Every structure is written in C-alpha cells, then in structure tokens.
Amino acid sequence: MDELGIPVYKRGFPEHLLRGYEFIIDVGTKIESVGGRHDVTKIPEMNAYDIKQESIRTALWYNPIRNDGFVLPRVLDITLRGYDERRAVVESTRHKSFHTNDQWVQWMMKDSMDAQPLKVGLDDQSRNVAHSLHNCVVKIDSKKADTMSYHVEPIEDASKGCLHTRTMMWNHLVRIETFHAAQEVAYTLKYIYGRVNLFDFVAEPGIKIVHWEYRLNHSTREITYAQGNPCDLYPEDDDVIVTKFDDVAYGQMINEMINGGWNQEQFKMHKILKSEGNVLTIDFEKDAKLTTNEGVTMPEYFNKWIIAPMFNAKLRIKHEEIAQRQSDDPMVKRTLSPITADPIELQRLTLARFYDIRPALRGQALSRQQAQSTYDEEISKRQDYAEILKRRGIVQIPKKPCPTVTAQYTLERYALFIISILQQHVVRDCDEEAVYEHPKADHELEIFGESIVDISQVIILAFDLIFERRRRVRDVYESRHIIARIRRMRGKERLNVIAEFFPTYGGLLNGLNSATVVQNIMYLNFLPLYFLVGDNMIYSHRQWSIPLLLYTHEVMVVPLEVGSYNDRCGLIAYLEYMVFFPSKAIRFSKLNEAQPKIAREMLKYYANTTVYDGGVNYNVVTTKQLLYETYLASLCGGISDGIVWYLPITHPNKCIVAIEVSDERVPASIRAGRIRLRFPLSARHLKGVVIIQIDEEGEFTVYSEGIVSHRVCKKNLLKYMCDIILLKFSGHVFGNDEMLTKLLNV
Ligand SMILES: [Zn+2]
C-alpha cells in the first residue's frame, strides 16, 4: 500500500537478502559494450528476447525457439479498453450488469504484431523471473510479471530523417510485399537449362544468362474519360506474339459459372488463353528441348516480345550479359537491362512467374552496426519523392533515408495510387473531353487526418472515399477490426456488415437485382479488396482464383488467381487488372442477358468466399517486431535497451503506473512519451511513469511523471549495501488484492 521501494545493487550484495522486495535491479551482471554501441550480438547468449544470429531475411521467416513464450506489449491496453467499453444491459431486477465485448478482445489479442518472445532467467529457489538487459538484470516478483516486456528503441538519427515510431509500419510493409527489391527470373545450364535465382547467383559480370525482360505493356496511357483505358486485345504491332482469349474455353467457363456458381478451385486463368502462346503456361526449363536432332532448339518466342494485353504485360526472353556481379543487398540490379526499381511498379507486375523479390534488407540480424541496403536511397531518387514525402509531414529531406522514411513514402504513394486507380470504376460526372494520364497517383489528393499506416486503413479508405465520400482515414485498430469483421461473417450477413460500415456502397450492391446498365455491375470489382491483403494472413490455398471483370470492349469475367502464379500475397494478385475501366458507352451498355446472372454469381461467390483463411504461423509472423527494432538500431542507432512493466493502482481510481528500467542513451522524458505510445486506445488510464535509467557504469538515475514520486536512498544491512529507489504514490492505496490478475482476466 501507498509506496513500494526497488533496491538496485551491484555484486556482491547477497540478494539471498533482497527477496522481500517485489522488483529488483541487479546492476550487477552487465553486458560489456563494444564501443560505443552496446552490442546486440550477445542477445542470443544473454536472456534476452530470442533472435537467432542470421542473414536478416532469414531472420524474418524464423521460428523462434529460444524463448519461454510470448508477452504482448499491449495486452494491458487491450483489456483496459476492453473493460472501459463494456455494454450495460438491464437485468431481471432493474440493475445494470456489464458485459465485456469479449470477442473483440480475443480478436484484438491475436492479430497483434507486437508480440515478443522472451527467454526469462527463471530460478526455482525464488519467485522472481529475471530479465537480462544490457546494463542490469531486472527481476520481477512473479505476481507483477505478466505485463513485463521490452521497450527497445533504435536511436532516431536526424540526418537520415528517422522517425522510429513507424517501425511497426515498416514491418507491416514487408509483410504485404511492398518493401521488396526485384529481379527477373534467369536460366543457365545446370532437358538443358534450369532456373537460377539472381539474388545469389555468384557469377562475375561478363557471363551470359537467359532472362525474362518484363515491362508494362505501357504504364500510363493518355486517356480521356469517354474512353476508358479499356484493355484492347488487338495491339497492332508487327512480329510480336499477342495472347488471345480462347472463345470456346471462355464460353464453357461462363456457362459452368452461370449454372454451378463460381468455381474457385477448377476455373483457371491459363485455361482460357489460346496456347500459342499464352503467358501462364509457357515455361523455359520445359520448352528448350534436348532434343534428338540436331539439338539446342529454343522455343518459338525466344527473342520476340509477346505482348499480353490482359495483363498489361510485355515480357520476352533473351540472352543477356549480367553486371555488378553478386552482392548481399538487393536492390543491386543484377544485369544490364534489369527490372524496375519503383515499388508501386512492382505492385503492377501481376504475372509473378517472371521475377523474384526478396525484402530489401541487408546483412546480419544482430549487428551492432552495419551499412544499410541501398534500396532506401534508391527509392529516394524517384521522381515524386519530395512531393509525396511532404504529405507525410517530412519537409525535405534525408540524403540517406532511414527505412522508415521510405516506408512512409511507399505506403503513402501506394495509397494514392490505389485510389487514383479505383476512382475510375465509380461514375464521375465531369467533362469527358479532358485528357489526363491515367494510372498516375494524385499527391494533391485531399485525404485527412489519421496518418496512413496499414493497408487495411487504405482499404477502409478506398471504400470510405470512393463510396461514402467520407474523405477521412480511420485509426489503424478501427480498420483492422472493420476488415476482420467483414471476413468474420459469411453469406448474407457479410453483406450486412458491409453496408453497415459503408452504407451507400453495400446499399448499392445489395441492390444489384435491379442493375440495368453495366455501371451497376461495375461495383462488384471492389469486393476482392477485403479478402486480398493484410500483414498477417495467407491464402487458404494460392492457385484458387477469384472472379473479376476486366474491361476489354465487351466486359469479360476473368478468374484472377490469388495469387499470383507465384504464391505471393496479396494485392498484386488483383490490383493491376483494375487499372482497366470501360469507355463511357460500354459503361452504360444496358447489360445483356448473361451479365446480370454472372454478376449475381460473382457477388454471391464473394458473399461467402473464405479465400483469406488459410492458417498462418502466428508464432513466426507476429513475433518479429523486436527483430526490426534492433536491426534498424544497427542501421542508424544504435539500440537502447529497456523493459517496462505496469503496476496496477486500485484506490481511489483504478489506474496503471508504468515502471521502466533502461539504458542511459535516449533521454528519460522522450522515453516516457514513447511509453505512453503502448496505449493506443487507453492512454488515459496510465496515470504516472517511473523510468529508472541505469548507466553503463552501473550509475542509475530515476525520473517520474504524475501520481508517482521517487526518492532515492541507501540501505545498509551491515557491510552489504545498496540504493533503494523509494516510490511514493501520495494519496493512492495500491496493495493487497489480485488487482493485476483481475485487470488482465477481463
Ligand atoms: Zn532510422
């Protein structure tokens, strides 16, 4: 009750002796610094928050097995907001009783990229759960322990334009494939030939390969709204193969569909293209035959361009000299005439049989300091960099951007691009006599004012703006639960929680039994946007294809595989077809006979598709937050260790006090502000914040906010001696109850 003290001792203070206290700082066993950073490399050795030592993209996919299980940093905030928001419901006697939304708190608990896996140094002669940390071992009495977690933070470095609260967002980018560097697929002799991935080809410049060139058939037509950027199937270019839709197969598909409903399993994009020579079937290891005579016969397209208008692609194979030799950091383009740098271009290369991507990071997972991958500075030279960064509130401009700068760039330009693409499928009411460059992003676009941080946010926004005309971005948790809640339902009820959040939109696909013109059917294409993307999901089975309408002159319903002929997920799978939309005349057409029934089938298919559902490895995928935290610390930084744990207070009001032990490097107050950040929606309960800051020399120094009040003083049991940080909470009883376990078990 009222004031705890926390003794902080260096060996050899016995601590047989200190067990009376509830929290202890042993300053003690330090980890030596390797000047001037203190070295993350010892982490797998100390205990720790396990991160095996490894080249960093194979840290991403890592498992982890040296922990004792996972704490979530926000579990306290999760259930404080859980408890704050209970429904009242009147009882049989007229008393209220308060029901937890205990299913939003389940969903909120899973679906949490925070989670970190720690190894504690738990001993069996005392009840104490030790956490090693670079300057001290902190030992919490187990009753207080459940909330404790690291609050590691890499040093913001102003020349790089750092903003490290965006770390999570970075990690989220990588998970949804928008931080990768690319490279076209390549072959060599190992039938003869065989694919060889270019990131690690270990070959000197001046040696030949065969490699797919792969450009957009043409990004950015100069289109006018009476036209549409319809994807005409008949380019008039000499001596290039074009891929054609096969009418007899496509007709059979549509009849199977109008009768038996849409078939995700058995419908296929490759199946409705004429074989000579369709992009989805052709292969190179299986097409350059041995043969018998006279030999070395390359497949009949081996220098020709192959325009593929449905995919807006234009890939051709070739012999090509490589450059730049091998190196460990994509993007260093691995050949003369390579494939594109800019990340929103890669979002457009639907066919992904033709290139490999790995996330653009470089080197050891635990390094105290290493040169950054060049990808950031390479995104930086992009035109439209300065202009899109201004929306981010970055007035100019890092010369060697930290990843989070280019994370911010990437996700903001991405959002602009997805909206400028999608705005075309709604009706527009403006002069069609105004040419404009079509799939250009807007920059001047008006949206405000919760800053973009998640594609789920961009999706909620695609509907909120295109349909609701609510030009406003929702909080990341509100949107992730919006999508989660749409997916959670099937059948008609899924259509009810759409049109609960987007009433005009669902209110206009609820209505499609009317649907006279093609414009009315045209709204179905937005549907894939729920099921197609998120940092933590994998497709139930990639190679299922979901229905879509591409707009050539006549509105064909293609199946697009999710995705994308390369087990990548997602929003590549889908986004690029959407860059085609009908000419205004095709956009009024007044349907025909089969179109209403195809649309009824499409919406009925999405109404209960579960294509997003295939089970993720939660253990692998959510756990990586501390990996990016310390890796990024190596890129700028270095790191600053620190655990925080929350001490519940129970009178007069029920309220949390964060207590925080940490490295001396970043100043206490800013660290306290960041502490308040782990309460995205419950900050109001966090009523005061102690921050003990142990020096590298073992020279600690407290700091505190409201409700708490520290005062340091020596304790001298005979020869043995050490400081006890007293912590008065004047006016607040806080002791004898299961407050913490009540607080969590909400
Ligand atoms: Zn940085």
# chains A, B, ... in the order shown; residues from 1 in each chain; ligands from 1

call {"tool": "residues_around", "arguments": {"residues": "residue 65 in chain A", "least_positions_apart": "3", "cutoff": "10 Å", "atoms": "only C-alpha atoms", "output": "list in words"}}
result
residues 50, 51, 52, 62, 68, 69, 117, 118, 119 and 619 of chain A

call {"tool": "residues_around", "arguments": {"residues": "residue 238 in chain A", "least_positions_apart": "3", "cutoff": "12 Å", "atoms": "only C-alpha atoms", "output": "number ranges by chain"}}
result
A: 234-235, 241-242, 304-307

call {"tool": "residues_around", "arguments": {"residues": "residue 494 in chain A", "least_positions_apart": "4", "cutoff": "10 Å", "atoms": "only C-alpha atoms", "output": "list in words"}}
result
residues 485, 486, 487, 488, 489, 490, 498, 499, 500, 606, 607 and 608 of chain A

call {"tool": "residues_near_ligand", "arguments": {"ligand": "ligand 1", "cutoff": "8 Å", "atoms": "only C-alpha atoms and all ligand atoms", "output": "PyMOL selection string"}}
result
chain A and resi 154-157+160-164+401-405+632-633+635-637

call {"tool": "select_by_dssp", "arguments": {"residues": "range 421-485 of chain A", "states": "alpha helix (DSSP H)", "output": "list in words"}}
result
residues 421, 422, 455, 456, 457, 458, 459, 460, 461, 462, 463, 464, 465, 466, 476, 477, 478, 479, 480, 481, 482, 483, 484 and 485 of chain A

call {"tool": "write_last_selection", "arguments": {"atoms": "C-alpha atoms", "output": "CSV table (one decimal), in the first residue's frame"}}
result
chain,number,residue,atom,x,y,z
A,421,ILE,CA,-6.8,3.6,-59.9
A,422,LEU,CA,-10.1,2.8,-58.3
A,455,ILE,CA,-3.3,-1.4,-46.0
A,456,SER,CA,-6.4,-2.2,-44.0
A,457,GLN,CA,-6.6,1.5,-43.4
A,458,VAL,CA,-6.2,2.1,-47.1
A,459,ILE,CA,-8.9,-0.3,-47.8
A,460,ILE,CA,-11.3,1.2,-45.4
A,461,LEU,CA,-10.3,4.4,-47.1
A,462,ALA,CA,-10.8,3.1,-50.7
A,463,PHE,CA,-14.5,2.5,-49.7
A,464,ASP,CA,-14.8,5.4,-47.4
A,465,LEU,CA,-13.8,7.8,-50.0
A,466,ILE,CA,-14.9,6.3,-53.3
A,476,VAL,CA,-5.4,1.5,-37.6
A,477,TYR,CA,-7.3,-0.7,-35.0
A,478,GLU,CA,-10.6,0.5,-36.1
A,479,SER,CA,-9.9,-0.5,-39.6
A,480,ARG,CA,-8.2,-3.7,-39.0
A,481,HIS,CA,-11.3,-4.7,-37.0
A,482,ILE,CA,-13.5,-3.5,-39.8
A,483,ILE,CA,-11.9,-5.9,-42.3
A,484,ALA,CA,-11.7,-8.6,-39.7
A,485,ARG,CA,-15.4,-8.2,-39.0

call {"tool": "atom_distance", "arguments": {"atom1": "CA of residue 47 in chain A", "atom2": "CA of residue 29 in chain A"}}
result
11.5 Å

call {"tool": "residues_around", "arguments": {"residues": "range 383-393 of chain A", "least_positions_apart": "2", "cutoff": "7 Å", "atoms": "only C-alpha atoms", "output": "number ranges by chain"}}
result
A: 380-381, 395-396, 408-409, 413, 443

call {"tool": "write_last_selection", "arguments": {"atoms": "N, CA, C and O atoms", "output": "compact mmCIF listing (two decimals), in the first residue's frame"}}
result
# COMPACT_ATOMS: atom_id res chain seq x y z
N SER A 380 14.73 6.92 -53.01
CA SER A 380 14.83 8.35 -52.82
C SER A 380 15.03 9.11 -54.12
O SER A 380 14.60 10.25 -54.25
N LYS A 381 15.68 8.51 -55.10
CA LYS A 381 15.97 9.26 -56.31
C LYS A 381 14.76 9.30 -57.20
O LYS A 381 14.76 9.99 -58.21
N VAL A 395 8.92 17.74 -44.34
CA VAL A 395 9.51 18.77 -45.17
C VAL A 395 10.94 18.29 -45.37
O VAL A 395 11.52 17.62 -44.52
N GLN A 396 11.52 18.66 -46.50
CA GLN A 396 12.65 17.95 -47.07
C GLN A 396 13.89 17.89 -46.15
O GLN A 396 14.01 18.75 -45.27
N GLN A 408 7.36 5.20 -45.13
CA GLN A 408 6.30 6.20 -45.19
C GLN A 408 6.00 6.61 -46.62
O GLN A 408 4.83 6.73 -47.02
N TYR A 409 7.05 6.79 -47.39
CA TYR A 409 6.87 7.10 -48.77
C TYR A 409 6.11 6.02 -49.43
O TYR A 409 5.06 6.27 -49.99
N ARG A 413 2.39 6.77 -51.17
CA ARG A 413 2.24 6.73 -52.61
C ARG A 413 1.42 5.55 -53.03
O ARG A 413 0.66 5.62 -53.98
N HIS A 443 -1.15 12.88 -55.20
CA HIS A 443 -0.36 13.83 -54.35
C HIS A 443 -1.17 15.00 -53.79
O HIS A 443 -1.06 15.34 -52.61

call {"tool": "decode", "arguments": {"residues": "range 371-468 of chain A", "atoms": "C-alpha atoms", "output": "short mmCIF file (atom, residue, chain, number, x, y, z; two decimals), in the first residue's frame"}}
result
data_model
loop_
_atom_site.label_atom_id
_atom_site.label_comp_id
_atom_site.auth_asym_id
_atom_site.auth_seq_id
_atom_site.Cartn_x
_atom_site.Cartn_y
_atom_site.Cartn_z
CA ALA A 371 25.89 -0.35 -43.70
CA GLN A 372 22.30 -0.14 -44.86
CA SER A 373 20.88 -1.71 -48.01
CA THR A 374 20.94 0.87 -50.86
CA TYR A 375 17.24 0.40 -51.52
CA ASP A 376 16.19 3.40 -49.43
CA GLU A 377 18.48 5.86 -51.08
CA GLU A 378 17.40 4.28 -54.38
CA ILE A 379 13.71 4.87 -53.72
CA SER A 380 14.83 8.35 -52.82
CA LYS A 381 15.97 9.26 -56.31
CA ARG A 382 12.50 8.53 -57.61
CA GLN A 383 10.60 11.47 -59.07
CA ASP A 384 7.57 12.33 -56.90
CA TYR A 385 9.61 11.55 -53.78
CA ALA A 386 9.80 15.03 -52.40
CA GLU A 387 6.16 15.73 -53.21
CA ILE A 388 4.78 12.57 -51.55
CA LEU A 389 7.02 12.98 -48.58
CA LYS A 390 5.53 16.42 -47.99
CA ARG A 391 2.16 14.77 -47.23
CA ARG A 392 3.96 12.74 -44.64
CA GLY A 393 4.91 15.95 -42.88
CA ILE A 394 8.51 15.38 -43.88
CA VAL A 395 9.51 18.77 -45.17
CA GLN A 396 12.65 17.95 -47.07
CA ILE A 397 14.67 15.57 -46.97
CA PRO A 398 17.08 12.81 -45.89
CA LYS A 399 20.10 12.28 -48.14
CA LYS A 400 20.47 8.68 -46.97
CA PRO A 401 16.91 7.89 -45.85
CA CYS A 402 16.29 5.59 -42.90
CA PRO A 403 13.97 2.71 -43.82
CA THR A 404 11.00 4.33 -42.09
CA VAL A 405 11.27 7.33 -44.39
CA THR A 406 10.88 5.10 -47.42
CA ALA A 407 8.33 3.05 -45.57
CA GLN A 408 6.30 6.20 -45.19
CA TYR A 409 6.87 7.10 -48.77
CA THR A 410 6.00 3.71 -50.06
CA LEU A 411 2.77 3.30 -48.18
CA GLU A 412 1.54 6.83 -48.90
CA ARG A 413 2.24 6.73 -52.61
CA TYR A 414 0.75 3.29 -52.64
CA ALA A 415 -2.49 4.56 -51.17
CA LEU A 416 -2.61 7.43 -53.63
CA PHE A 417 -2.08 5.06 -56.46
CA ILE A 418 -4.78 2.61 -55.38
CA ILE A 419 -7.27 5.40 -55.07
CA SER A 420 -6.47 7.07 -58.37
CA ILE A 421 -6.83 3.64 -59.94
CA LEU A 422 -10.09 2.82 -58.29
CA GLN A 423 -11.83 6.13 -58.63
CA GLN A 424 -12.43 5.27 -62.25
CA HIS A 425 -14.86 2.48 -61.55
CA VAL A 426 -17.42 4.76 -59.93
CA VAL A 427 -19.33 7.14 -62.28
CA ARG A 428 -17.73 10.59 -62.42
CA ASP A 429 -19.98 13.42 -63.72
CA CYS A 430 -17.37 15.67 -65.36
CA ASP A 431 -16.33 16.50 -68.92
CA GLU A 432 -15.06 13.50 -70.84
CA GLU A 433 -13.36 15.98 -73.11
CA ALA A 434 -10.31 16.27 -70.88
CA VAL A 435 -7.36 14.01 -71.47
CA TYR A 436 -5.29 13.00 -68.43
CA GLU A 437 -2.54 10.50 -67.65
CA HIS A 438 -4.40 7.56 -66.24
CA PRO A 439 -2.81 5.47 -63.67
CA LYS A 440 -0.94 8.47 -62.20
CA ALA A 441 -1.17 8.91 -58.37
CA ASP A 442 -2.64 12.18 -57.07
CA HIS A 443 -0.36 13.83 -54.35
CA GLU A 444 -2.77 16.77 -54.21
CA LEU A 445 -5.47 14.37 -53.09
CA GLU A 446 -7.29 15.78 -50.15
CA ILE A 447 -7.44 12.93 -47.55
CA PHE A 448 -7.03 13.56 -43.75
CA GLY A 449 -6.12 13.10 -40.99
CA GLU A 450 -5.16 9.93 -39.24
CA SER A 451 -1.82 9.20 -40.95
CA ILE A 452 -1.68 6.06 -43.12
CA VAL A 453 -0.04 3.02 -41.55
CA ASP A 454 -1.72 -0.20 -42.74
CA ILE A 455 -3.27 -1.42 -45.99
CA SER A 456 -6.40 -2.21 -44.02
CA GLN A 457 -6.57 1.50 -43.43
CA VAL A 458 -6.15 2.15 -47.13
CA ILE A 459 -8.90 -0.33 -47.83
CA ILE A 460 -11.29 1.16 -45.37
CA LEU A 461 -10.30 4.37 -47.13
CA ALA A 462 -10.83 3.07 -50.66
CA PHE A 463 -14.46 2.48 -49.71
CA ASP A 464 -14.84 5.39 -47.37
CA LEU A 465 -13.82 7.80 -50.02
CA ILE A 466 -14.89 6.27 -53.29
CA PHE A 467 -18.38 5.49 -51.96
CA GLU A 468 -19.15 7.18 -48.67
#
